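Just one chain is shown here, as structure tokens, and it is the form deposited in one PDB entry.
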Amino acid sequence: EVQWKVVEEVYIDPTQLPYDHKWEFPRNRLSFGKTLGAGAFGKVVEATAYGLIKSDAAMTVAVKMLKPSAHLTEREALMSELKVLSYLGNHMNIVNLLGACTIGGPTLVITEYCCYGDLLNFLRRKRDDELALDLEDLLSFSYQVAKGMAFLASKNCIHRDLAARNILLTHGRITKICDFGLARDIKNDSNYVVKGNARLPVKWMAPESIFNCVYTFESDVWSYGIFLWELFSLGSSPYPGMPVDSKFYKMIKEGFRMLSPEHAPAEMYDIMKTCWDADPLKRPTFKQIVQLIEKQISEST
């Protein structure tokens, strides 16, 4: 199933969205490289596309595709993902669609290549790129993820898996929102727990998504709060030493929340606390979050 939801300004069926043939690119002008990320059914591979944006210029791109082991329903879901990406349009703070190969073979989704890879591994390596990481970087990543999230919300799009492992970093320390989806081995990632029917990122999920399967723009805002916690603790897994079980669900239902990370400015922990409000209607919108971090950046400067 396609994970990203698009709501009517009622859910829009992604198969009903259009595929603009302006994105069509010939497969024989792609030269594949190393695998950047891989799951059981899909992968993201680095590639050199020849004459994609500029007429004759070669450029590094990332290709989303499936492995030969993928069934028909997955190939359809990749086409549906390409239509959502095409519908979303362009924004600085998302991993943008550059082209696609849908004729004469399997679907290949061509997007921007972000040289630093995922933010979670970037933050983890910066514990204990040659350059050091400071508070000015973390505040900028918070600001850019929020702009990217408010862009998605403006397109009536609920991401449903916002976490540091789905945020890429590129030249200039620009954070772009992504979703590895089938390009990650969730069968071997302890952040996705088995619900008996599927593997979910429970520690990033709002109470109403765990208890009622309700994913709203507000639930996404909860996940952003968990992301801020991850980011300001330099890649620490949420709720340390607390396994996802009956005890975890009880405290979450009761109103238990994580403690402020060490590197978090007080105004930033208040942002987390408001994203974690039990009542979704009392949580800030991404548009309100952007204005808050804009104020925090000017106070710093």
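Only the largest set of C-alpha atoms that superpose within 1.5 Å between the two forms is called the rigid core. One rule holds for the numbers: they count along the sequence shown, beginning at 1.
In what follows, reference is made to the form deposited in another entry, a form of this protein that is not presented.
K.L.:
Just one of 265, 39, 235, 261 has a C-alpha that shifts by 2 Å or more between the shown form and the other one on a rigid core fit; which is it?
P.N.:
After core superposition, the single residue displaced by 2 Å or more is 39.
K.L.:
Taking the rigid core as reference, does the Cα of residue 192 move 2 Å or more between the shown form and the other one?
P.N.:
Moves: yes, 2 Å or greater.
K.L.:
Using the core for the fit, does the CA position of residue 180 change by 2 Å or more between the shown form and the other one?
P.N.:
Yes, residue 180 moves 2 Å or more.
K.L.:
Once the core is aligned, does residue 282 move its Cα by at least 2 Å between the shown form and the other one?
P.N.:
No, the C-alpha position differs by under 2 Å between the shown form and the other one.
K.L.:
What happens to the Cα distance from residue 183 to residue 115 in that other deposited form: does it get closer or farther than here, with a change of 3 angstroms or more?
P.N.:
Note: Cα gap between residue 183 and residue 115 widens in that other deposited form.
K.L.:
Given that the shift is 3 Å or more, do the Cα atoms of residue 121 and residue 38 end up closer or farther apart in that other deposited form than in this form?
P.N.:
Here the pair is farther apart than in that other deposited form; there, closer.
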